[PDB]
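**Q** Here you go, this is data_16.pdb (PDB, C-alpha atoms).
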```pdb
ATOM      1  CA  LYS O   1       8.762   3.668 -11.142
ATOM      2  CA  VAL O   2       8.662  -0.136 -10.997
ATOM      3  CA  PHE O   3      10.727  -1.262  -7.981
ATOM      4  CA  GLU O   4      12.760  -4.448  -7.998
ATOM      5  CA  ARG O   5      11.862  -6.695  -5.023
ATOM      6  CA  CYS O   6      14.855  -6.323  -2.708
ATOM      7  CA  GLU O   7      15.271  -2.662  -3.641
ATOM      8  CA  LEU O   8      11.750  -2.051  -2.334
ATOM      9  CA  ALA O   9      12.339  -4.222   0.752
ATOM     10  CA  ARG O  10      15.354  -2.166   1.763
ATOM     11  CA  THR O  11      13.505   1.105   1.135
ATOM     12  CA  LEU O  12      10.515   0.116   3.288
ATOM     13  CA  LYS O  13      12.770  -0.958   6.153
ATOM     14  CA  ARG O  14      14.578   2.400   6.055
ATOM     15  CA  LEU O  15      11.181   4.154   6.094
ATOM     16  CA  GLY O  16      10.303   2.289   9.288
ATOM     17  CA  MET O  17       7.676  -0.119   8.016
ATOM     18  CA  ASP O  18       9.093  -3.245   9.652
ATOM     19  CA  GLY O  19       6.694  -4.070  12.493
ATOM     20  CA  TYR O  20       4.682  -0.845  12.182
ATOM     21  CA  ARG O  21       1.479  -1.397  14.153
ATOM     22  CA  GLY O  22       2.460  -5.069  14.350
ATOM     23  CA  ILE O  23       2.894  -5.585  10.596
ATOM     24  CA  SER O  24       6.050  -7.346   9.444
ATOM     25  CA  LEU O  25       7.997  -6.117   6.439
ATOM     26  CA  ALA O  26       7.166  -9.333   4.512
ATOM     27  CA  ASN O  27       3.446  -8.499   4.820
ATOM     28  CA  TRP O  28       3.954  -4.989   3.392
ATOM     29  CA  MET O  29       5.910  -6.531   0.487
ATOM     30  CA  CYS O  30       3.143  -9.083  -0.135
ATOM     31  CA  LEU O  31       0.615  -6.210  -0.196
ATOM     32  CA  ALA O  32       2.614  -4.051  -2.677
ATOM     33  CA  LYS O  33       3.192  -7.067  -4.926
ATOM     34  CA  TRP O  34      -0.496  -7.955  -5.330
ATOM     35  CA  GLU O  35      -1.768  -4.380  -5.349
ATOM     36  CA  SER O  36       0.484  -2.828  -7.995
ATOM     37  CA  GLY O  37       3.310  -5.228  -8.833
ATOM     38  CA  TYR O  38       5.653  -2.722  -7.119
ATOM     39  CA  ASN O  39       4.559   0.024  -9.549
ATOM     40  CA  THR O  40       4.235   3.561  -8.169
ATOM     41  CA  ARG O  41       2.199   4.923 -11.103
ATOM     42  CA  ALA O  42      -0.552   2.296 -11.022
ATOM     43  CA  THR O  43      -4.113   3.610 -10.816
ATOM     44  CA  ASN O  44      -7.354   1.653 -10.819
ATOM     45  CA  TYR O  45     -10.752   3.226 -11.370
ATOM     46  CA  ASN O  46     -13.602   1.542  -9.458
ATOM     47  CA  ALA O  47     -16.638   2.155 -11.680
ATOM     48  CA  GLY O  48     -18.915   0.673  -9.016
ATOM     49  CA  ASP O  49     -18.506   3.454  -6.431
ATOM     50  CA  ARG O  50     -16.637   6.112  -8.466
ATOM     51  CA  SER O  51     -13.427   6.014  -6.431
ATOM     52  CA  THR O  52      -9.863   5.357  -7.686
ATOM     53  CA  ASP O  53      -6.966   3.402  -6.130
ATOM     54  CA  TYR O  54      -3.583   5.192  -6.362
ATOM     55  CA  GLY O  55       0.022   4.077  -6.315
ATOM     56  CA  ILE O  56       2.150   1.256  -5.005
ATOM     57  CA  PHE O  57      -0.258   0.399  -2.153
ATOM     58  CA  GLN O  58      -3.396   1.198  -4.201
ATOM     59  CA  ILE O  59      -4.738   3.649  -1.641
ATOM     60  CA  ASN O  60      -8.399   4.585  -2.136
ATOM     61  CA  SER O  61      -9.605   8.144  -2.821
ATOM     62  CA  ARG O  62     -12.859   7.756  -0.864
ATOM     63  CA  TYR O  63     -11.135   7.871   2.520
ATOM     64  CA  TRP O  64      -7.423   8.528   2.210
ATOM     65  CA  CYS O  65      -6.438  11.110  -0.398
ATOM     66  CA  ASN O  66      -8.205  13.889  -2.273
ATOM     67  CA  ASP O  67      -8.735  13.739  -6.049
ATOM     68  CA  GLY O  68     -11.774  16.041  -6.118
ATOM     69  CA  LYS O  69     -13.979  13.854  -8.310
ATOM     70  CA  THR O  70     -14.836  11.180  -5.748
ATOM     71  CA  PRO O  71     -18.347  11.724  -4.239
ATOM     72  CA  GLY O  72     -18.622  11.962  -0.442
ATOM     73  CA  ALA O  73     -14.932  11.393   0.045
ATOM     74  CA  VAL O  74     -12.581  12.389   2.827
ATOM     75  CA  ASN O  75      -8.824  12.873   2.858
ATOM     76  CA  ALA O  76      -7.524  11.219   6.057
ATOM     77  CA  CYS O  77      -3.916  11.315   4.884
ATOM     78  CA  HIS O  78      -4.320  15.005   4.014
ATOM     79  CA  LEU O  79      -2.671  14.542   0.609
ATOM     80  CA  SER O  80      -3.533  15.134  -3.018
ATOM     81  CA  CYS O  81      -3.891  11.679  -4.614
ATOM     82  CA  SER O  82      -1.214  12.965  -7.020
ATOM     83  CA  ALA O  83       1.361  12.579  -4.206
ATOM     84  CA  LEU O  84       0.758   8.828  -4.347
ATOM     85  CA  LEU O  85       1.955   8.591  -7.971
ATOM     86  CA  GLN O  86       5.527   9.902  -7.423
ATOM     87  CA  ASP O  87       8.644   7.723  -7.795
ATOM     88  CA  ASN O  88       9.624   8.711  -4.238
ATOM     89  CA  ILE O  89       7.370   6.638  -1.972
ATOM     90  CA  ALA O  90       7.750   8.661   1.252
ATOM     91  CA  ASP O  91       4.245  10.154   1.076
ATOM     92  CA  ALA O  92       2.647   6.824   0.095
ATOM     93  CA  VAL O  93       4.342   5.160   3.080
ATOM     94  CA  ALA O  94       3.222   7.907   5.469
ATOM     95  CA  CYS O  95      -0.322   7.423   4.198
ATOM     96  CA  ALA O  96      -0.142   3.602   4.405
ATOM     97  CA  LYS O  97       0.900   4.062   8.083
ATOM     98  CA  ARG O  98      -2.192   6.244   8.617
ATOM     99  CA  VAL O  99      -4.438   3.581   7.007
ATOM    100  CA  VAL O 100      -3.287   0.840   9.406
ATOM    101  CA  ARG O 101      -3.752   3.046  12.467
ATOM    102  CA  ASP O 102      -7.503   2.314  12.069
ATOM    103  CA  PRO O 103      -8.829  -0.819  13.838
ATOM    104  CA  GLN O 104      -8.800  -2.995  10.683
ATOM    105  CA  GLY O 105      -5.044  -2.642  10.399
ATOM    106  CA  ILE O 106      -3.617  -4.375   7.339
ATOM    107  CA  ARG O 107      -7.048  -5.999   6.754
ATOM    108  CA  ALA O 108      -8.222  -2.734   5.182
ATOM    109  CA  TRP O 109      -6.936  -4.087   1.854
ATOM    110  CA  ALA O 110      -9.013  -6.974   0.530
ATOM    111  CA  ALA O 111      -6.012  -8.219  -1.469
ATOM    112  CA  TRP O 112      -4.022  -8.803   1.735
ATOM    113  CA  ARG O 113      -6.701 -11.185   3.084
ATOM    114  CA  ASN O 114      -6.938 -13.101  -0.193
ATOM    115  CA  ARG O 115      -3.273 -13.341  -1.145
ATOM    116  CA  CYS O 116      -1.210 -12.813   2.011
ATOM    117  CA  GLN O 117      -3.027 -13.690   5.222
ATOM    118  CA  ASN O 118      -2.002 -17.045   6.700
ATOM    119  CA  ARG O 119       0.554 -17.717   4.016
ATOM    120  CA  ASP O 120       4.312 -18.152   4.102
ATOM    121  CA  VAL O 121       5.273 -14.589   3.150
ATOM    122  CA  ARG O 122       8.985 -15.043   3.852
ATOM    123  CA  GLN O 123       9.580 -15.391   0.113
ATOM    124  CA  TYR O 124       8.958 -11.680  -0.436
ATOM    125  CA  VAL O 125      12.013 -10.631   1.619
ATOM    126  CA  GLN O 126      14.418 -13.588   1.317
ATOM    127  CA  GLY O 127      17.916 -12.697   0.230
ATOM    128  CA  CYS O 128      17.291  -8.954   0.374
ATOM    129  CA  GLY O 129      19.485  -8.339   3.417
ATOM    130  CA  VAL O 130      16.734  -6.848   5.586
TER     131      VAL O 130
END
```
Can the structure in the file be given as structure tokens, please?
**A**
Amino acid sequence: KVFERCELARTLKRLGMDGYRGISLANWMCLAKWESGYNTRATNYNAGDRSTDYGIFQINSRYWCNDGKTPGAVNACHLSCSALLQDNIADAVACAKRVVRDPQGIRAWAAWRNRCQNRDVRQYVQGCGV
């Protein structure tokens, strides 16, 4: 599923992402936008280390979900990476919450630092009613 901006914004708020571990909703929206373009079925193979990024938040198989083919990987979210490709984003959100519970927080995603950090991210949630 490819979410429309405000539709996603409202969904994330309902799922309790606004301010989770100090991360505003606008930052989560900025992350989803640059990681997958709000697409839940997006996957990205990383030939360099043999891991794959799954779903709307492009969660990595080396540490967060199990796909079986990634060498020396763990499954901190305790989920099959398949769960991160559903149209329903409940499992992806639960896993994203787990990711930010680590000391890096939202910085765990390189894309957030490059495209979101220290920017005016208000644009991602304006007019959505959240």
**Q** As an exercise, work out the distance from atom CA of residue O:76 to atom CA of residue O:54 in Å and give it to one decimal place.
**A** 14.4 Å
**Q** Which residue gives the smallest distance to residue O:120 among O:107, O:62, O:10, O:30, with all atoms listed in the file counted?
**A**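 With all atoms listed in the file as the atom set, the closest residue is O:30.
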**Q** Which residues fall under the PyMOL selection byres ((chain O and resi 56) around 8) in this file, as a PyMOL selection string?
**A** chain O and resi 32+35-42+54-55+57-58+84-85+92
**Q** Write to file, as a compact mmCIF listing (two decimals), in the coordinates of the input, the residues of the selection just made, with C-alpha atoms.
**A**
```txt
# COMPACT_ATOMS: atom_id res chain seq x y z
CA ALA O 32 2.61 -4.05 -2.68
CA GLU O 35 -1.77 -4.38 -5.35
CA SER O 36 0.48 -2.83 -8.00
CA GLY O 37 3.31 -5.23 -8.83
CA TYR O 38 5.65 -2.72 -7.12
CA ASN O 39 4.56 0.02 -9.55
CA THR O 40 4.24 3.56 -8.17
CA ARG O 41 2.20 4.92 -11.10
CA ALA O 42 -0.55 2.30 -11.02
CA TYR O 54 -3.58 5.19 -6.36
CA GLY O 55 0.02 4.08 -6.32
CA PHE O 57 -0.26 0.40 -2.15
CA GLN O 58 -3.40 1.20 -4.20
CA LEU O 84 0.76 8.83 -4.35
CA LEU O 85 1.96 8.59 -7.97
CA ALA O 92 2.65 6.82 0.10
```
**Q** Please compute the atom CA of residue O:3-atom CA of residue O:29 distance, one decimal, in Å.
**A** 11.1 Å
**Q** List the residues matched by the PyMOL selection byres ((chain O and resi 124) around 9) in the displayed structure as a list in words, ordered by chain and then by residue number.
**A** residues 5, 6, 9, 25, 26, 27, 29, 30, 33, 121, 122, 123, 125, 126 and 128 of chain O
**Q** Residue O:66: which residues within 7 Å, counting all atoms listed in the file, same-chain residues fewer than 4 positions away excluded, as an NGL selection string?
**A** :O and (61 or 74-75 or 79-81)
**Q** Calculated over all atoms listed in the file, which of the candidates O:34, O:59, O:88, O:43 has the smallest distance to residue O:114?
**A**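 Smallest separation from residue O:114 among the options: O:34.
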**Q** Have a look at O:89, O:77, O:100, O:83 and name the one nearest to residue O:2; count all atoms listed in the file.
**A**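 Using all atoms listed in the file, residue O:2 sits closest to O:89.
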**Q** For residue O:102, find every residue with an atom within 12 Å (counting all atoms listed in the file), except residues of its own chain fewer than 5 positions away, and show them as a list in words.
**A**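 Using all atoms listed in the file, the neighbours found are residues 21, 63, 64, 76, 95, 96, 97, 107 and 108 of chain O.
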**Q** Using all atoms listed in the file, pick whichever of O:65, O:110, O:14, O:24 has the shortest atom-to-atom distance to residue O:91.
**A**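 Looking at the shortest contact to residue O:91, the residue is O:65.
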**Q** Just to confirm, what's the straight-line distance from atom CA of residue O:51 to atom CA of residue O:69 in Å (one decimal)?
**A**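 Between atom CA of residue O:51 and atom CA of residue O:69 the gap is 8.1 Å.
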**Q** O:31, O:70, O:93, O:127: which is nearest residue O:109, counting all atoms listed in the file?
**A** O:31
**Q** My list of candidates is O:67, O:7, O:113, O:28. Which is closest to residue O:45 when distances are computed with all atoms listed in the file?
**A**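 Looking at the shortest contact to residue O:45, the residue is O:67.
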**Q** So that all listed atoms of stretch 103-109 of chain O fit with 3 Å spare on each side, what axis-aligned box centre and edge lengths in Å, to one decimal, would you give as JSON?
**A**
```
{"center_x": -6.2, "center_y": -3.4, "center_z": 7.8, "size_x": 11.2, "size_y": 11.2, "size_z": 18.0}
```
